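Listed next as structure tokens is one chain, alone, in the form deposited in one PDB entry.
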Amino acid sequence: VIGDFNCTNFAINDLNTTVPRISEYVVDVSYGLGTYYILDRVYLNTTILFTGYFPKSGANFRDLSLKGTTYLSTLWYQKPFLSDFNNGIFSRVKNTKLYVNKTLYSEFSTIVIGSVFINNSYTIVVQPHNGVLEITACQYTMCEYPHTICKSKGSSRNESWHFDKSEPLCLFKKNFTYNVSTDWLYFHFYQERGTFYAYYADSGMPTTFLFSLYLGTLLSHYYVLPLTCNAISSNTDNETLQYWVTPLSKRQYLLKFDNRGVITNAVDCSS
């Protein structure tokens, strides 16, 4: 249970049929993967020693992707699917492509970050809408059993993750666009001294700054909302949802910039 509002009760069973898998992919920061640009800074042809929140070299990933059909299990909304947001996470997302009459659609899982997930605190939500990415970070009345549906080839359930007749008090709101034909997507989320930072990237390059928000409260829990669809199953399309996450920590890196500001090499300095 993540929220407290009884917003829907359609089909809630209780079965243990999901365990997070350990990925065989290893973090390699030699070419830039796992590193981010500073919020608003440009460097030309220099080498910088930067101490920040970076993932550890030689770390395994864990998948937190949940897909179902008209059924939701109570164990999906508990540990270990509700992990602790101690310092930050680095996530690699797989862009699932669907074709409806030879028209490409892009969709992946949405993530929610908060503390108690009640309408007295701020909770950050990141949800894509077929090419555009929306960030809310508002005071949402989160459902106790939230989920997300696919627009193309809709599911049996309705999209129900919050219940608010009017728009509540939000501190930030903006839309971002991403490439629809990509196959992998990267993110960086971390907090420091009450400020929240977000990063993203469309390809295998260092991530791009998104925004900064001063809250003053410590964010401790993050959760990936399950996706309900009728096409992403292994019976009709042979497609899968993948959302890997690795913990973050304060380390020191050596960054290399070219004559145009592109990161060329990076050293973990502790490997």
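In this text, residue numbers run from 1 along the sequence as written. Take the two forms, superpose them, and find the largest set of C-alpha atoms that agree within 1.5 Å; that set is the rigid core.
Keep in mind the form deposited in another entry is missing from the figure; the text below concerns it.
- In a rigid core superposition between this form and the one not shown, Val29 is the single residue of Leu64, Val29, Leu225, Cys229 whose Cα is displaced by 2 Å or more.
- Core-superposed comparison between this form and the one not shown: the CA of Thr240 stays below a 2 Å shift.
- Taking the rigid core as fixed, one finds a CA shift for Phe209 smaller than 2 Å between this form and the one not shown.
- In this overlay on the rigid core, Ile12 has a C-alpha that sits less than 2 Å away from its partner position between this form and the one not shown.
- Relative to the displayed conformation, the Cα-Cα distance from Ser115 to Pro20 grows by 3 Å or more in the other form.
- If you compare C-alpha positions, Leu64 and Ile22 are 3 angstroms or more closer together in the other form than in the form on display.
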